[PDB]
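What follows is the residue order along each chain.
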Amino acid sequence: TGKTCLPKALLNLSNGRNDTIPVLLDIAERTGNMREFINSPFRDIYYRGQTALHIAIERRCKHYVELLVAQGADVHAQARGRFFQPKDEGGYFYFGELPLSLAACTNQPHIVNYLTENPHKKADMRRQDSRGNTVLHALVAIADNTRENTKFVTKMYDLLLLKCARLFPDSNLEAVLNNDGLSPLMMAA
Amino acid sequence: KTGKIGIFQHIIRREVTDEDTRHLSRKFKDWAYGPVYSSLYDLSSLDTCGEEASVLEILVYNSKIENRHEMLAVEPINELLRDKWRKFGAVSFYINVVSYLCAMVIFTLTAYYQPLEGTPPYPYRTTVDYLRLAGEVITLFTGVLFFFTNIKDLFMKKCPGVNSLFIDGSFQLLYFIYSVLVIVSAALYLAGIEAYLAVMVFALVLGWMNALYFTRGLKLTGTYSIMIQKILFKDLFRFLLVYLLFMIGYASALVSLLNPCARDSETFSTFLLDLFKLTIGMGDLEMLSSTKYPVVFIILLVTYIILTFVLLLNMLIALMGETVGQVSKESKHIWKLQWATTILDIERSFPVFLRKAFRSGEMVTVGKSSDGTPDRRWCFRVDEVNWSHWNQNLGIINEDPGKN
Amino acid sequence: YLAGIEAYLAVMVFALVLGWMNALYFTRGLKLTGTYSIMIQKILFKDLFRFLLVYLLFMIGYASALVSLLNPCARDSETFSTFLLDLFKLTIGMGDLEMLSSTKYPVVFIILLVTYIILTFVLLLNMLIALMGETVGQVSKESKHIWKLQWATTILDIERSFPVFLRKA
Ligand SMILES: CCCCCCCC/C=C/CCCCCCCC(=O)O[C@@H](COC(=O)CCCCCCCCCCCCCCC)COP(=O)([O-])OCC[N+](C)(C)C
Ligand SMILES: Cc1c(C(=O)Nc2cccc(C(F)(F)F)c2)cc(-c2ccccc2)n1CCCN1CCOCC1
């Protein structure tokens with residue numbers, strides 16, 4: 001499970017610091033791999049695409065998402081694991097396999113407003129994962145019909161639908177089709 | 001054992017937060033990844049195959065029946081029974097139903113192929129009749145073994161009280177009677193008393209009717225058979241009381257209005273039956289027979305038709321209020337008490353090494369003990385999804401969120 | 001029929017009972033006939049093999065017992081299908097009680113048969129009772145959902161059979 005020093009730091013948090021992290025980037029500046037050190041995926045068959053950008057958004061740790069975006073990790077890194085598959089396909093949590101999709105799925109708006117609107121590399125909302133699901137297909141994927149789930153899904157479905165219309169006015173995001181042919185409406189039916 | 005939910009539900013789900021005392025806890029927390037976390041319940045007295053007393057054997061067998069259906073659902077017990085059903089439980093139950101039904105088919109052919117003759121009809125001597133002897137051998141093998149399985153379980157466990165009669169108490173009495181009659185029969189068979197076949201045929205009528213045990217495990221036909229013992233006991237012995245307050249009435253009244261042979265008279269055994277023929281349709285009213293007061297005789301008779309239609313409809317609506325849907329929820333509750341009895345009775349009859357081969361859960365390094373050694377439990381994983389409390393980052397055991 | 005076999009009146013009449021039972025498809029146009037024709041299926045697919053399970057333990061029970069209270073041809077014997085007529089003859093109020101036939105132990109034959117009378121009514125009551133709680137306590141609110149799924153499926157089957165330009169009209 002090809003973890004590196006930096007994903008190990010982002011798993012073990014305590015008041016969201018783990019003060020090794022800005023220091024370990026500095027040694028990584030001196031040697032120099034950073035587009036390979038921060039962009040080192042787990043080569044396991046169970047976490048096959050997960051990077052340090054995925055874990056920093058996972059652990060609700062915005063200020064260490066900002067450092068990895070400013071150093072330019074792999075915004076749109078696909079986490080093509082076996083854990084990250086849907087509940088039918090063996091996996092536990094399917095979020096559409098993408099760091100903007102992982103930020104929008106786990107009720108986390110401030111990273112959604114930072115991955116798309118940053119000085120550095122942007123997360124464009126029209127990107128598809130390994131099976132076609134965009135950032136709006138994956139908000140339909142985690143949409144269990146409970147009271148709390150439908151509160152932020154409908155709030156985050158609009159917030160990604162409006163924001164794509166502002167940036168890209170010539171394209172509605174709800175036309176981009178899943179590789180099953182489905183739209184974000186037909187996937188909900 | 002005492003039926004106390006409130007502290008049973010708290011001990012079985014105890015989650016002590018602070019680092020100093022975590023070895024006292026029983027609901028751990030294995031991993032978490034956003035809105036999915038792995039609660040990891042501790043089986044330490046709940047499922048101990050053989051070499052200990054068990055909380056699951058106490059709840060199913062030796063508990064108090066008022067709270068028993070509510071304690072076998074708390075957090076892990078409902079998933080523990082299905083995991084002991086998806087395993088060995090379901091499969092080895094349907095082995096028994098195809099074996100017991102075949103045990104009654106073979107028993108049936110020994111009754112139909114029997115040359116009833118005086119003395120023991122023994123001298124088989126041909127290619128046809130040794131199937132009749134070998135079937136009778138299997139018949140006695142159902143005989144002595146149902147005797148041992150009933151009694152040796154009766155005094156030892158399962159608590160033969162008066163309140164478990166729908167929780168395998170009635171069938172605890174019927175499978176004794178099936179083994180009584182088959183012993184008396186084969187005794188009178190080999191001795192020479194001609195009434196052996198009469199004793200044998202009470203084991204035909206009992207055993208196929210005693211195969212009504214094996215619907216327990218479906219909940220489709222299983223809760224239906226709960227009504228079979230419910231209607232027949234609580235409502236039939238309270239209708240046959242009121243119905244025989246008229247049959248010892250009118251029938252002993254109408255035959256009083258009848259010439260004493262001086263049809264004529266003195267056939268009261270038929271005259272009881274002759275009234276019953278009139279209430280269902282197959283009557284003749286020849287019992288009039290030019291009696292002393294035919295005007296009186298017919299207005300009592302047409303009264304008795306109404307009152308036995310009044311009571312027959314009253315039985316029907318007594319099967320609406322004391323019985324159904326107020327009972328249809330209770331049949332669901334008492335099915336699971338019969339269902340959880342079915343898994344454990346299989347799991348009590350396996351030998352210990354096989355019983356340890358079919359354990360539930362998995363052995364998990366769960367934390368650092370006080371001395372510094374690893375704490376090696378037998379925990380059972382229950383996954384859960386929480387969308388509201390976004391703080392699922394706690395005393396996590398395995399930092400890698402996954403079942404490797 | 002296209003071959004030489006004259007047994008084409010057995011299979012034909014199995015078809016003729018189906019094609020009039022298969023016109024209960026077209027009760028799905030009205031709500032008050034559609035929710036009634038679904039309860040005929042739930043009383044059949046759920047609550048009729050349930051009864052025929054238990055009622056074919058007692059008829060494979062007491063009836064196979066009472067044929068042992070019968071002389072082994074020494075009617076006489078070898079006609080167990082005829083006694084299956086005779087058993088069902090008695091219970092529904094059209095029996096004769098002449099099927100005793102000298103009965104090696106006679107009083108056994110009464111007490112088992114009158115048990116078969118009184119026990120099977122309890123099951124016949126239980127069909128009126130256990131069905132009453134399980135079905136109409138829920139299916140009066142449930143089968144109106146299943147009908148709406150059958151009604152919507154019918155509309156989408158009539159549309160889909162049309163050609164495209166007619167659907168565009
Ligand atoms: C579709 C998804 C699911 C897929 C399928 C499921 C997958 C998992 C399935 C796994 C296998 C199937 C599980 C059940 C095994 C059947 C045998 C059994 O239950 O007991 C047998 C031996 O029981 C005894 O008491 C005899 C003991 C003799 C000595 C020991 C011999 C070894 C055990 C046996 C040989 C090894 C057996 C196991 C071999 C692996 C028969 O007795 P009983 O039935 O207990 O009788 C009822 C007793 N009662 C009346 C008191 C209640
Ligand atoms: C009657 C019978 C058999 C059975 O007949 N099994 C069998 C199997 C193989 C061969 C043979 C053969 F051929 F040798 F006979 C027989 C098995 C069971 C049973 C027991 C526990 C759980 C599930 C089924 N039950 C019911 C016994 C109920 N008891 C406990 C308390 O309630 C009253 C008595």
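Residues numbered from 1 in each chain as written, not as in the entry; some residues may be left out. Chains lettered and ligands numbered in written order. Part of a larger assembly, values for the part shown. Heavy atoms only, no water.

The title assigned to this entry in its PDB record is "Cryo-EM structure of full-length human TRPV4 in complex with antagonist HC-067047".

In this assembly, 40 residues from chain C lie in contact with 33 residues from chain B. Summing both partners gives a buried area of about 3,400 Å² for chain C against chain B, and 79% of it is carried by carbon and sulfur. When the area that chain C buries against chain B is broken down by residue, the three leading residues are C:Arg50, C:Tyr105 and C:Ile129, summing to 17%. Where chain C meets chain B, there are one salt bridge. The interface formed by chain C and chain B holds six residue pairs in polar contact in total. Among the elements of the structure, helix 3 (49-58), helix 4 (62-66), helix 5 (80-94) and helix 6 (106-134) of chain C are those that each provide at least two residues to the side of chain C that touches chain B. No other element matches helix 6 of chain C, which puts 15 residues into the side of chain C that touches chain B. (Contact = heavy atoms within 4.5 Å. Buried area = accessible area lost by both parts, 1.4 Å probe. Salt bridge = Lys/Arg side-chain N within 4 Å of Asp/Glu carboxyl O. Polar contact = N/O pair within 3.5 Å; in protein donor to acceptor, adjacent residues only side chain to side chain. Helix = DSSP H or I, 4+ residues; strand = E, 2+ residues; numbered from the N terminus.)

Moving on: the environment of A:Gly49. Residue and element names in this part refer to chain A. Tracing the backbone shows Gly-49 in the loop between helix 2 (20-31) and helix 3 (52-58). Among the residues examined, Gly-49 registers a relative accessible area of 7% and is labelled buried. In this structure the C-alpha to C-alpha distance between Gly-49 and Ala-79, which are 30 residues apart in sequence, comes to 3.7 Å. Residue contacts for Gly-49: discarding those within four places in its chain leaves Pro-41, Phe-42, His-54, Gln-78, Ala-79, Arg-80 and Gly-81. (Buried < 20%, exposed > 50% of the residue type's maximum accessible area, 1.4 Å probe, protein only.)

So, about helix 11 (residues 268-280) of chain B. The periodicity of an α-helix, 3.6 residues per turn, causes residues three or four places apart in sequence to face the same way. Residue and element names in this part refer to chain B. Taking 1.5 Å of rise per residue, the 13 residues of helix 11 would be expected to cover 18 Å, and the 19 Å separating its terminal C-alpha atoms lies within 8% of that figure. Within helix 11 the residues assigned to the buried category are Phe-271, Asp-274 and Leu-275. Axial view of helix 11: buried residues confined to an arc of 100 degrees, hence all on one face. Those residues of helix 11 that are exposed and aimed more than 90 degrees away from the buried face are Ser-269 and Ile-280. Those residues of helix 11 that are buried are in contact with helix 10 (250-254) and helix 12 (294-323). (Expected span 1.5 Å × (residues − 1). Arc of directions from axis to C-beta.)

To continue, consider the environment of A:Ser171. All names here are of chain A. Considering the arrangement of structural elements, one finds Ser-171 in the segment after helix 8 (149-167). Of the residues examined, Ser-171 reaches a relative accessible area of 25% and is grouped as partly exposed. Residues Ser-171 and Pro-7, 164 residues apart in the sequence, show an inter-C-alpha distance of 36 Å. In this structure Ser-171 touches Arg-126 and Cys-164, once residues within four positions along its chain are discounted.

Backbone geometry places B:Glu266, a non-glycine residue, at a positive phi of 65 degrees. By the secondary structure assignment, B:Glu266 is in the loop between helix 10 and helix 11. For C:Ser102, which is not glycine, the phi dihedral falls at a positive 75 degrees. Relative to the assigned elements, C:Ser102 resides in the loop between helix 5 and helix 6.

Turning our eyes to something else, we now look at the pairing of strand 2 (residues 37-41) of chain B. Residue and element names in this part refer to chain B. In terms of burial, strand 2 is a largely internal element, five of the five residues being buried. Of the two faces of strand 2, the one lined by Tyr-37, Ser-39 and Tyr-41 and the one lined by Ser-38 and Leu-40 are each fully buried. In textbook terms, the turn of a hairpin is the stretch between consecutive antiparallel strands, and for strand 1 (residues 27-32) and strand 2 this stretch comprises four residues, one of which, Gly-34, has a positive phi near 65 degrees. Sheet topology places strand 2 next to strand 5 (residues 380-384); five bridges connect them, and they run antiparallel. Paired with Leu-40 across the strands is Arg-381, a residue of strand 5. (Pairing = 2+ DSSP bridges.)

Our focus in this paragraph is the environment of B:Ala211. Structurally, B:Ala211 can be placed in the loop between helix 7 (196-207) and helix 8 (222-234). Sequence spacing of B:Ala211 and B:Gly249 is 38 residues, and the spatial spacing of their C-alpha atoms is 39 Å. Sequence-distant contacts of B:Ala211, defined by excluding residues within four places in its chain, comprise B:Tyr100, B:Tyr175 and C:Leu57.

Another point: the interface of chain A and chain B. Counting residues at the interface gives 25 residues for chain A, matched by 17 residues for chain B. Of the roughly 1,800 Å² buried at the junction of chain A and chain B (both faces included), carbon and sulfur atoms supply 59%. Counting every contact that joins chain A to chain B gives one salt bridge. The salt bridge involving B:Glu399 is made with A:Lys8; its shortest N-O contact spans 3.2 Å. Applying the counting rule to chain A against chain B returns six residue pairs in polar contact. Considering only residue class, the side of chain A that touches chain B consists of twelve nonpolar, six polar and seven charged. (Nonpolar A, V, L, I, M, F, W, Y, C, P; charged D, E, K, R; others polar.)

Attention shifts here to the UniProt feature "intramembrane region" in chain C. The UniProt record annotates "intramembrane region" at residues 80-99 of chain C. Measuring from the first to the last C-alpha atom of residues 80-99 of chain C gives 12 Å, for a span that is 75% helix and 0% strand. (UniProt positions renumbered as here; feature names shortened; annotations may be inferred.)

Time to look at the sheet that holds strand 5 of chain B. All names here are of chain B. Strand order in this open sheet of three strands is 1-2-5, and the pairing throughout is antiparallel. Every interior strand has two partners, whereas the edge strands, strand 1 and strand 5, have only one. Direction aside, the axes of adjacent strands within the sheet are offset by 30 degrees on average. Sheet topology note: the strand 1/strand 2 ladder contains four bridges and is antiparallel. Across the sheet, the residue bridging to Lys-27 is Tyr-41, located in strand 2. (Axes fitted to C-alpha atoms, helices over the stretch in contact; angles between N-to-C directions.)

To continue, consider the site of ligand 1. Residues and elements named next belong to chain B. All residues in the neighbourhood of ligand 1 are listed as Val-91, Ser-92, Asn-96, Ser-349, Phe-350, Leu-354 and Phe-358. Here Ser-92 contributes a side-chain N or O atom positioned 2.9 Å from an oxygen atom of ligand 1. Here ligand 1 loses 39% of its free accessible area of 1,100 Å² to cover by the protein chains. Among the elements that line the shell around ligand 1, the one with the most residues is helix 4 (residues 77-112), at three residues. (Near = heavy atom within 4 Å. Areas by Shrake-Rupley, 256 points an atom, 1.4 Å probe, with all protein chains shown as cover.)

Attention now moves to the packing of helix 2 (residues 31-45) of chain C against helix 7 (residues 139-161) of chain C. All names here are of chain C. Across the interface, helix 2 lies against helix 7 with an axial gap of 9 Å and an inter-helix angle of 110 degrees. Considering their axes alone, helix 2 and helix 7 lie roughly perpendicular with respect to each other. Contacts from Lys-31, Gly-34, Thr-35, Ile-38, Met-39 and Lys-42 in helix 2 reach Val-139, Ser-143, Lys-144, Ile-146, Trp-147 and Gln-150 in helix 7. When the residues that make up the contact of helix 2 with helix 7 are grouped by side-chain class, the tally is five nonpolar, four polar and three charged. (Parallel < 35°, antiparallel > 145°, perpendicular 65-115°, else oblique.)

Here we come to the site of ligand 2. Residues and elements named next belong to chain B. Close contacts around ligand 2 come from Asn-96, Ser-99, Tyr-100, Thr-142, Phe-146, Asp-168, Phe-171, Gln-172, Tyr-175, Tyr-213, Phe-214 and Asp-345, and that covers them all. Note that an oxygen atom of ligand 2 is positioned 2.9 Å from one of the side-chain N or O atoms of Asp-168. When ligand 2 sits alone it has 720 Å² of accessible area, and the protein chains cover 77% of it. If you list the elements that add at least two residues to the shell around ligand 2, you get helix 4, helix 5 (130-154) and helix 6 (170-191). Residues belonging to the shell around ligand 2 are distributed by class as follows: six nonpolar, four polar and two charged.

Contacts are most numerous between chains B and C, taken over all two pairs of chains that touch. The two partners chain A and chain C share no contact, and the minimum distance between any of their C-alpha atoms is 14 Å.

This part covers the state of the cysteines. Residues and elements named next belong to chain A. A full pass over the atoms with the stated rule returns zero disulfides over all chains. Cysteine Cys-5 remains unbridged, with the sulfur of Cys-61 as its closest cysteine sulfur at 15 Å. For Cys-5, a relative accessible area of 40% puts it in the partly exposed group. Judged by its relative accessible area of 2%, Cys-61 is buried. (Disulfide = S-S within 2.5 Å.)

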